Amino acid sequence: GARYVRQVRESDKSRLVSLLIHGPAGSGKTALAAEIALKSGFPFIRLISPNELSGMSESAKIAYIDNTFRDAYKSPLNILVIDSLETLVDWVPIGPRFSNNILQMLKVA
Amino acid sequence: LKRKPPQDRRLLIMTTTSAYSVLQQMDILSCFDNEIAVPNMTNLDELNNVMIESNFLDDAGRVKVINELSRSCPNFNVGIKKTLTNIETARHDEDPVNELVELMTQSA
Ligand SMILES: Nc1ncnc2c1ncn2[C@@H]1O[C@H](COP(=O)(O)OP(=O)(O)OP(=O)(O)O)[C@@H](O)[C@H]1O
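Residues numbered from 1 in each chain as written, not as in the entry; some residues may be left out. Chains lettered and ligands numbered in written order. Part of a larger assembly, values for the part shown. Heavy atoms only, no water.

Listed as the method for this PDB entry is cryo-EM; the listed resolution is 3.75 Å.

A. Representation of the overall build of chain B within the structure. For chain B, the helix and strand inventory stands at five helices and zero strands. Taken against the 2.2 N^0.38 rule, which gives 13 Å for 108 residues, the C-alpha radius of gyration of chain B at 20 Å runs more than 25% over that of a compact globule. Structurally, chain B occupies a C-alpha span of about 60 × 30 × 20 Å along its principal axes. Counting over 108 residues, chain B shows a buried share of 22%. At a minimum sequence separation of 6, the contacts of chain B that also span at least 24 residues come to 64%. Accessible area for chain B stands at about 8700 Å²; split by element, carbon and sulfur atoms hold 50% of it. Once the 11 positive and 16 negative side-chain charges of chain B are each reduced to a mean point, those two points are 13 Å apart. (Helix = DSSP H or I, 4+ residues; strand = E, 2+ residues; numbered from the N terminus. Rg over C-alpha atoms; globule rule 2.2 N^0.38 Å. Buried < 20%, exposed > 50% of the residue type's maximum accessible area, 1.4 Å probe, protein only. Contact = heavy atoms within 4.5 Å. Areas by Shrake-Rupley, 256 points an atom, 1.4 Å probe, with all protein chains shown as cover. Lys, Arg positive; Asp, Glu negative; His and termini not counted. Charge placed at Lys NZ, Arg CZ, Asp CG, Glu CD.)

B. Quick peek at the site of the ligand. All names here are of chain A. The environment of the ligand is formed by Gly26, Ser27, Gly28, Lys29, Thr30, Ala31 and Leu32. Within the side chain of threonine 30, an N or O atom sits 3.1 Å from an oxygen atom of the ligand. A distance of 3.4 Å is found between an oxygen atom of the ligand and a backbone nitrogen or oxygen belonging to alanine 31. Taking 640 Å² as the accessible area of the ligand by itself, protein coverage stands at 39%. Tallied by class, residues from the shell around the ligand come to two nonpolar, four polar and one charged. (Near = heavy atom within 4 Å. Polar contact = N/O pair within 3.5 Å; in protein donor to acceptor, adjacent residues only side chain to side chain. Nonpolar A, V, L, I, M, F, W, Y, C, P; charged D, E, K, R; others polar.)

C. The arrangement of the packing of aromatic side chains in detail. Per the counting criterion, the structure on display carries one aromatic pair over all chains. The residue whose ring lies beneath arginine 3 of chain A is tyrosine 4 of chain A, and the NZ or CZ to ring-centre distance is 5.3 Å. (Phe/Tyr/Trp six-rings, centres within 6.5 Å; stacked < 30°, edge-to-face > 60°. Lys NZ or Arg CZ within 6 Å of the ring centre and 35° of its normal.)

D. Region of interest: the packing of helix α4 (residues 80-92) of chain B against helix α5 (residues 97-107) of chain B. All names here are of chain B. Following both chains from N to C, one finds α4 and α5 inclined at 150°, their axes separated by 9 Å at the closest point. It follows from the interaxial angle that α4 and α5 lie roughly antiparallel. Remark: the crossing between α4 and α5 carries right-handed chirality. In this structure, α4 contributes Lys82, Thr83, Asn86, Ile87, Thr89 and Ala90 to the contact, and α5 contributes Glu99, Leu100, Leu103, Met104 and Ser107. Its residues placed into classes, the contact of α4 with α5 shows five nonpolar, four polar and two charged. (Axes fitted to C-alpha atoms, helices over the stretch in contact; angles between N-to-C directions. Parallel < 35°, antiparallel > 145°, perpendicular 65-115°, else oblique. Left-handed = near helix turned anticlockwise from the far one by under 90°.)

E. Fine view of the interface of chain A and chain B. Tallying the contact residues gives five residues for chain A and four residues for chain B. The junction of chain A with chain B conceals about 350 Å² of combined surface from both sides, 60% of it contributed by carbon and sulfur atoms. Looking at the side of chain A facing chain B, the largest losses of area belong to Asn51, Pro93 and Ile94 of chain A, adding up to 74% of the total buried there. For the interface between chain A and chain B, the tally reads zero salt bridges. Residue composition of the side of chain A that touches chain B, grouped by class: three nonpolar, two polar and no charged. (Buried area = accessible area lost by both parts, 1.4 Å probe. Salt bridge = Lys/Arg side-chain N within 4 Å of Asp/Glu carboxyl O.)

F. Region of the structure containing the pairing of strand β1 (residues 45-48) of chain A. Residue and element names in this part refer to chain A. Pairing geometry for β1 and strand β2 (residues 79-82), over four bridges, is parallel. In the sheet register, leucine 47 faces β2, and the bridge partner there is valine 81. As a crossover connection, the stretch from β1 through helix α3 (residues 58-71) into β2 is right-handed. (Pairing = 2+ DSSP bridges. Right-handed = clockwise from strand over helix to strand, strands pointing away.)

Here is the structure:
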């Protein structure tokens, strides 16, 4: 994580770096991501979590996501933590059921 | 069910269910920190204890019904709710052992 942070800091052509942190349930992924982000020491850091979106409607959620991603296009250095991707799209394996709108929005974001 | 209370508050949640398999299929069994189990009645002495507590046996009835169901039913498994309902409905007509025996045999 520290190496990736340094690389994004220094390189002048790599203007977008994305990571995936996958593993078995209960393994402690969010703690590690938060630790890396904190120790990085960047001016601008944000986090998107399921807790913040509870009770809202689909349009409100999309609006919130778009606003948060737009707030990050200022300043010359930024960090964003997206938590538990699969529960942001309301996944359940019986159908399977999920939300195509939010998924497509994230895929384009 | 996985949100911590603000500041320094505390919370205990107890949720019941009867469709464990469905919850397993929905993949929602990771929100719980432990799992208690409640089994059925599986013995005659337990039925006797329920009877003494419900004021129905009158001693002789206890003996007659227990003796009848000892050989009239090899396997016995019923919940408390249905047992209490069966006792109550048996009380009205033919307080003798017969009615309870039929009710218990058919219910099990
Ligand atoms: N590398 C680590 N070393 C020590 N403790 C850790 C580590 N990573 C996580 N933890 C501990 O794990 C707990 C939090 O777990 P965490 O939410 O990160 O788990 P998770 O598997 O990502 O969660 P979820 O089940 O919601 O997907 C805290 O007690 C935290 O200290």
